[PDB]
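First the structure, in the form of structure tokens, and then the observations on it.
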Amino acid sequence: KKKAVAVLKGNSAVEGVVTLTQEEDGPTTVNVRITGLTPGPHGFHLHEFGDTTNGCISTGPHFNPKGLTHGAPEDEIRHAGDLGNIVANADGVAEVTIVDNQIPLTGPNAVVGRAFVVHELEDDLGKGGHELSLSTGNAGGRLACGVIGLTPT
Amino acid sequence: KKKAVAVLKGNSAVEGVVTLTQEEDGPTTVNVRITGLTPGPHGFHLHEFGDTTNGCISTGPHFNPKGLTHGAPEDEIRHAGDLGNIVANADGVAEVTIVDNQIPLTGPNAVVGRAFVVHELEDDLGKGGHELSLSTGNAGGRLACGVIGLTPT
Amino acid sequence: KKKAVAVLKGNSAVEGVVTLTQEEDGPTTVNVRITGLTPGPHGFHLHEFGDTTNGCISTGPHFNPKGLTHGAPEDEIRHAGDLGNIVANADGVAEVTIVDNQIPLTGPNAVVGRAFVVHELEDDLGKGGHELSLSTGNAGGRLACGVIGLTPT
Amino acid sequence: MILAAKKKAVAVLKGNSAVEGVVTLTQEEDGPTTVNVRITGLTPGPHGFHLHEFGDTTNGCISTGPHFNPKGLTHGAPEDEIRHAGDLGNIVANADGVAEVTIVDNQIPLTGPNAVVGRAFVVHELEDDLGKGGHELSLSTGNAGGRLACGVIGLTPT
Amino acid sequence: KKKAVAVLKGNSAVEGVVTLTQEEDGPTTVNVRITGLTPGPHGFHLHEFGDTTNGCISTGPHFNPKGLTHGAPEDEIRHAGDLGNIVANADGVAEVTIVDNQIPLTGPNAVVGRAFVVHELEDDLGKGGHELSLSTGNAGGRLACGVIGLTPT
Amino acid sequence: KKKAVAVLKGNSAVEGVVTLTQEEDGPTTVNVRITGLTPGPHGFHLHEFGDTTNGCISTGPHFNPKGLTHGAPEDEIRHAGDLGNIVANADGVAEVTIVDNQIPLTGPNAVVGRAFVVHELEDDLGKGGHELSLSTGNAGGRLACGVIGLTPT
Ligand SMILES: [Zn+2]
Ligand SMILES: [Zn+2]
Ligand SMILES: [Zn+2]
Ligand SMILES: [Zn+2]
Ligand SMILES: [Zn+2]
Ligand SMILES: [Zn+2]
Numbered sequence: 014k015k016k017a018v019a020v021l022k023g024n025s026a027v028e029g030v031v032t033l034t035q036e037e038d039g040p041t042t043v044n045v046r047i048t049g050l051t052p053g054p055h056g057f058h059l060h061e062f063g064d065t066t067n068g069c070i071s072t073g074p075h076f077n078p079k080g081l082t083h084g085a086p087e088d089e090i091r092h093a094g095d096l097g098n099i100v101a102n103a104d105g106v107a108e109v110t111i112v113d114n115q116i117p118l119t120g121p122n123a124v125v126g127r128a129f130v131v132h133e134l135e136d137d138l139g140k141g142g143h144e145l146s147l148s149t150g151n152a153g154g155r156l157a158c159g160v161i162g163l164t165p166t
Numbered sequence: 014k015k016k017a018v019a020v021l022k023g024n025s026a027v028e029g030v031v032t033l034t035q036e037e038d039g040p041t042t043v044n045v046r047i048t049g050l051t052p053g054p055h056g057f058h059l060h061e062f063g064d065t066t067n068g069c070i071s072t073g074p075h076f077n078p079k080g081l082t083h084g085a086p087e088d089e090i091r092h093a094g095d096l097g098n099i100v101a102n103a104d105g106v107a108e109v110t111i112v113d114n115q116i117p118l119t120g121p122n123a124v125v126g127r128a129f130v131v132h133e134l135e136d137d138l139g140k141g142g143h144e145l146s147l148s149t150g151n152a153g154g155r156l157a158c159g160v161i162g163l164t165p166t
Numbered sequence: 014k015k016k017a018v019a020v021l022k023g024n025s026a027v028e029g030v031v032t033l034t035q036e037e038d039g040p041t042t043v044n045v046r047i048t049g050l051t052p053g054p055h056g057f058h059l060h061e062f063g064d065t066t067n068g069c070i071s072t073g074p075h076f077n078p079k080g081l082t083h084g085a086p087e088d089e090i091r092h093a094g095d096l097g098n099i100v101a102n103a104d105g106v107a108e109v110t111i112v113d114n115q116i117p118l119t120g121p122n123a124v125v126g127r128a129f130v131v132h133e134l135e136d137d138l139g140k141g142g143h144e145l146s147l148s149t150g151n152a153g154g155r156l157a158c159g160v161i162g163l164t165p166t
Numbered sequence: 009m010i011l012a013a014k015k016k017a018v019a020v021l022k023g024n025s026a027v028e029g030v031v032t033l034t035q036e037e038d039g040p041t042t043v044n045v046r047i048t049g050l051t052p053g054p055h056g057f058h059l060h061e062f063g064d065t066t067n068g069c070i071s072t073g074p075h076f077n078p079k080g081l082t083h084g085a086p087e088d089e090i091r092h093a094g095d096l097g098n099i100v101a102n103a104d105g106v107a108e109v110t111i112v113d114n115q116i117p118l119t120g121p122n123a124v125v126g127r128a129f130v131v132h133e134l135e136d137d138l139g140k141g142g143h144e145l146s147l148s149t150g151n152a153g154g155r156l157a158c159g160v161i162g163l164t165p166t
Numbered sequence: 014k015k016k017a018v019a020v021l022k023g024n025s026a027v028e029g030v031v032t033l034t035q036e037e038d039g040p041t042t043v044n045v046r047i048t049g050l051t052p053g054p055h056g057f058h059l060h061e062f063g064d065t066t067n068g069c070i071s072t073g074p075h076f077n078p079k080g081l082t083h084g085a086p087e088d089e090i091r092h093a094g095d096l097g098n099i100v101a102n103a104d105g106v107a108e109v110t111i112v113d114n115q116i117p118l119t120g121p122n123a124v125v126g127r128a129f130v131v132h133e134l135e136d137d138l139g140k141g142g143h144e145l146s147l148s149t150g151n152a153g154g155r156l157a158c159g160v161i162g163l164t165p166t
Numbered sequence: 014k015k016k017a018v019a020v021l022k023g024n025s026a027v028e029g030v031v032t033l034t035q036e037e038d039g040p041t042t043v044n045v046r047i048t049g050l051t052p053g054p055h056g057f058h059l060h061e062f063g064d065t066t067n068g069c070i071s072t073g074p075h076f077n078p079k080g081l082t083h084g085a086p087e088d089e090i091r092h093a094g095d096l097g098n099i100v101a102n103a104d105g106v107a108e109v110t111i112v113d114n115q116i117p118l119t120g121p122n123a124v125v126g127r128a129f130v131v132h133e134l135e136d137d138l139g140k141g142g143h144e145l146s147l148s149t150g151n152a153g154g155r156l157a158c159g160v161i162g163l164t165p166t
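Residue numbers (the entry's author numbering), protein chains in the order written: chain A, 14 to 166; chain F, 14 to 166; chain B, 14 to 166; chain D, 9 to 166; chain C, 14 to 166; chain E, 14 to 166.
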């Protein structure tokens, strides 16, 4: 019964739309459709801030209200916005639906007014082991981002 | 001390940045810098949805949780997002700072994940005696808009 | 064998890529892939100027070096930039490939450094009985545009 | 011209008689639907061919209901703007009892709000008199007789 | 409130009726009444295609939009159409009510226009260990099938 | 990406070569180069049969897997092999590139093993109104034809 949407833009052909649905105080369903991607897996994250005054750089780090480390969406040691990878087909198109419970549209940890970012490289899920594997996953640069806003229904 | 920001973009040269700063549950400070505007007063409103899948059109009507008619920011009978006019100088720049009490960053009426819209025309503050005066003003088309998102501090 | 590309952007979810191919003094082949569109036909035109200082507005009118009225790509009585309609499916995705002779990549009428615009409405092809049919084809507002640029191969 | 995702469905038409056949449907993107019909065992001559509302054969073909009619208009000819969506006119069976015809229509999409997937095809006993012919039943049915064979429109590969 | 029905027919005495009811976007309630069956358990699956051009064989493999291996309705690792076994009494009648969440009547994965097949042999769920166990369940031949079609109310 | 070719030969000096390209479930790109033609427009069609036992006469009518009438590539109450006109220059050369949806190289309506015919006269696109306007277009005799055959890469 609550809904949000993010329009994803950047400097390249990578652009897309992410819709969010949440019932009850339950899981959040995320419908992701992005194009222009290099075929393969891309880091896909909900970042802390809905600030685009400085391009996608101003969206900050992965949304992490539990001071925890970077992981996979399945394992209990992740950031709230650690939504893993989205995979682009041969046409650079990634269409996927993701269900997660650390990203509510309400409550103290609402991600409303926050951001989504799709990334340059594959998320190594915090096993790289890279220096950066445990903060970012190595997902690389920020290809496109958008601020999460309220939308009808 | 909570703070939010909206980056305003559109179909024209008109763009700008709006920052929001709020005390406790005190009044909200709205800092506006917009460029590309025709010199003169322009309707400046906080609209209901942080949706821009269809441009500024998807941000809906003026934010109105009291279900009242359109008027001026000083009026008793006003929309919450009815922030009146902002004035552009000869260089097309409207820089102004606004304080209002119906646009909190938290609570049952939070404006996070909603939008700002700068309009084609002067807002008649519903006294115009125009068909649209009591809903719109005659604020005209949507020159630029942005989703209100969270930002540090 | 020269090649060009335009990355199509705007204030909405409407995004796209246009690639252009032309050998010597032959026809020009245009691959158009746009997403985010309202399902149905949309005016798709090559406009005179590659200028986005004023959004898609500064790209001017349809590219028309033969001083003619608005028509269909098939009509001898068309603008050079009259590339007809592109049709979006139910998911809002329109992909189409077009061959034309009036939009070369070289010579006195090169379209390099000009722009592409995808439009709000159906192009009535100049046949709709409307005031705007012979200049634009109705087709409405400018959803997204991009400057046509040179690209390798 | 335009790139096209191919969408496809099929109905196998069976009934109490020798009348049986196969109907395939092709639609690219959201354009018109191409319908290929091959039915056998028919009485030579024209036969009513309609897309009926339900893919329900629990009670023989009669449970497929009336003609698919999401506009609410009366029975007419495929040519007529006075149509059921499923008003596909007549198929004519030759002397060997075979009716083979190809049809293009725009009121029978395989996707969308008016999807015909999971609905049915029915070939009928008699001639469809279209919205003409002046019978009590002409504006519902087309006085098209009984239901000889029917099938549920189902998904099929590619 | 959506409802569907499949009439199950085949080469032998095996015939039956399956009605499907689904409210909301949730579990599907499926009522199965099949007769002529051998007394004992028989595999009951929702197959991919509503194609019966070549008899029940044309219905394809078990409906599997998660590209996963054969399991039980209880396992988490199943085909969507993995609805387990139905057991026929000594009179050859199998009557059962079954509820599952992977067979919606609407959505990207609607099972409308697909089919049901009741099988020759017992479905070793996936975990019996045989050649075909992780594809079919060695459910054996296809005794009767029917295309899932729309029905009133 | 599949590719095909027709080598076009005939009764006169008229000869030419046609190559076909088709990716995916996309359009077919047809490259046409014919010589020996009288300057002007000439009907260019994909006819039904790849049979030249009796010269071009044995290639049959225009390829028409829809039950439709003769017309023009843009208007589509047309045959699949309705490719409009090709224009010969002063030197009798017609070089043209064509992209179409009704001539796939694969699938049930493949044009592989069928033929291309270049015709004596201009195609009237279905509009003489002439006896032949709705079947052939009054394209005249068959100047040269070739069977559409598979070619590497
Ligand atoms: Zn992280
Ligand atoms: Zn107002
Ligand atoms: Zn024009
Ligand atoms: Zn009817
Ligand atoms: Zn299975
Ligand atoms: Zn023809």
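Positions of the beta carbon are idealized from the N, C-alpha and C atoms, including for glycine.
Rank the options by C-alpha distance to the C-alpha of residue i and give the top, closest one.
{"i": "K140 (chain B)", "options": "B:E87, B:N77, B:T119, B:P78", "result": "B:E87"}
{"i": "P74 (chain A)", "options": "A:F129, A:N114, A:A123, A:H143", "result": "A:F129"}
{"i": "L59 (chain E)", "options": "E:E36, E:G39, E:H132", "result": "E:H132"}
{"i": "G142 (chain C)", "options": "C:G84, C:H92, C:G162, C:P121", "result": "C:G84"}
{"i": "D137 (chain E)", "options": "E:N98, E:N102, E:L156", "result": "E:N98"}
{"i": "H55 (chain E)", "options": "E:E61, E:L156, E:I161, E:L145", "result": "E:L156"}
{"i": "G120 (chain C)", "options": "D:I111, D:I116, D:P121", "result": "D:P121"}
{"i": "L147 (chain B)", "options": "B:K15, B:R91, B:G29", "result": "B:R91"}
{"i": "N102 (chain D)", "options": "D:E89, D:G49, D:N151, D:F76", "result": "D:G49"}
{"i": "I161 (chain B)", "options": "B:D38, B:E37, B:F76", "result": "B:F76"}
Is the beta carbon of residue i less than 7 Å from the beta carbon of residue j?
{"i": "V125 (chain D)", "j": "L118 (chain D)", "result": "yes"}
{"i": "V31 (chain D)", "j": "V45 (chain D)", "result": "yes"}
{"i": "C158 (chain E)", "j": "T51 (chain E)", "result": "no"}
{"i": "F57 (chain E)", "j": "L33 (chain E)", "result": "no"}
{"i": "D113 (chain C)", "j": "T41 (chain C)", "result": "yes"}
{"i": "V18 (chain B)", "j": "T164 (chain B)", "result": "yes"}
What is the rounded straight-line gap between the Cα of residue i and the Cα of residue j?
{"i": "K79 (chain A)", "j": "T149 (chain A)", "result": "16 Å"}
{"i": "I47 (chain B)", "j": "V106 (chain B)", "result": "6 Å"}
{"i": "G23 (chain E)", "j": "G53 (chain E)", "result": "19 Å"}
{"i": "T82 (chain E)", "j": "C69 (chain B)", "result": "42 Å"}
{"i": "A93 (chain A)", "j": "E61 (chain A)", "result": "10 Å"}
{"i": "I116 (chain D)", "j": "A123 (chain D)", "result": "7 Å"}
{"i": "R127 (chain B)", "j": "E135 (chain E)", "result": "35 Å"}
{"i": "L21 (chain F)", "j": "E144 (chain F)", "result": "28 Å"}
{"i": "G153 (chain B)", "j": "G63 (chain B)", "result": "19 Å"}
{"i": "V43 (chain C)", "j": "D104 (chain C)", "result": "22 Å"}
For residue i, name the three-state secondary structure that DSSP assigns.
{"i": "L147 (chain A)", "result": "helix"}
{"i": "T48 (chain D)", "result": "strand"}
{"i": "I70 (chain C)", "result": "helix"}
{"i": "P78 (chain A)", "result": "coil"}
{"i": "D95 (chain F)", "result": "strand"}
{"i": "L59 (chain F)", "result": "strand"}
{"i": "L11 (chain D)", "result": "coil"}
{"i": "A152 (chain B)", "result": "coil"}
Query raised in the report: What residue ranges within the region 102 to 142 of chain D form continuous beta strand (DSSP E) runs of no fewer than 3 residues, ordered along the chain?
Result: 107 to 113, 128 to 132
Report task. Check each residue's C-beta against every heavy atom of ligand 7 and list, in chain order, those closer than 5 Å. Result -> Annotation note on ligand 7: not contained in the displayed structure, which lists ligand 1, ligand 2, ligand 3, ligand 4, ligand 5 and ligand 6 as its ligands.
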